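Chemist: this block holds the first chain(s) of the complex, placed as they are in the complex; more will follow:
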Amino acid sequence: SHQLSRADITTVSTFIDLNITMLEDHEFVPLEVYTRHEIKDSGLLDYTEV
């Protein structure tokens, strides 16, 4: 009768699907609540400067 391409016939899936995605790379920046200079400046008087 004739030849047929593979795509010509509908296919049912005999595979079970399992989807895994990787963990994304992340970057941690330097973050502080108070720096050294701010903590030093918190004092009302500094003996050295005075």
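Modeler: Perfect, thanks for sending it. Numbers count the residues shown, from 1 in each chain, chains lettered A, B, ... in the order given.
Chemist: chain A: helices as residue ranges?
Modeler: With DSSP state H applied, chain A shows helices at A:36-41, listed in chain order.
Chemist: do you know how far residue A:32 is from residue A:48?
Modeler: From residue A:32 across to residue A:48, the span is 24 Å (Cβ to Cβ, to the nearest Å). Using the backbone N, CA and C atoms, a C-beta is placed for each residue, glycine as well.
Chemist: what's the answer for residue A:19, then?
Modeler: 63 Å.
Chemist: swap in residue A:24?
Modeler: As it turns out, when the distance is counted by Cβ to Cβ, residue A:24 lies 48 Å from residue A:48.
Chemist: cool, residue A:27 as well?
Modeler: With distances taken as Cβ to Cβ, residue A:27 is found 39 Å from residue A:48.
Chemist: likewise residue A:18?
Modeler: Distance of residue A:18 to residue A:48, computed by Cβ to Cβ: 66 Å.
Chemist: sequence below should go in as chain B:
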Amino acid sequence: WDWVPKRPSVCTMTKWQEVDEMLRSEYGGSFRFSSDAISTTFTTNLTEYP
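Modeler: Now chain B, sitting on the chains shown earlier:
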């Protein structure tokens, strides 16, 4: 010295961080604020702070 009014001159809280994308989620009767820019997560109660 030059005199200025008290209320608009002093601040008891100082702006620390500006977050462009701080995702807010509601979970376990609390709010989770997560920022990937600074890699930081805060937990708050569901009620506003006046």
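Chemist: near chain A, which residues of chain B show up?
Modeler: In this structure, chain B approaches chain A at residues B:16, B:36-40, judged by Cβ under 8 Å from any Cβ of the partner chain.
Chemist: near residue B:40, how many other residues are there?
Modeler: The local packing of residue B:40 (other Cβ atoms under 10 Å in any protein chain shown) involves 15 other residues.
Chemist: same question, the one 3 residues further on
Modeler: Other residues within reach of residue B:43, judged by other Cβ under 10 Å, total 11.
Chemist: report the separation between it and chain A.
Modeler: Taking Cβ to the nearest Cβ, to the nearest Å as the criterion, residue B:43 is separated from chain A by 16 Å.
Chemist: surely that residue is within a strand?
Modeler: Yes - residue assignment for residue B:43, taken from DSSP: H, G, I helix; E, B strand; the rest coil, places it within a strand.
Chemist: and it, how far is that from residue A:26?
Modeler: Taking Cβ to Cβ as the criterion, residue B:43 is separated from residue A:26 by 20 Å.
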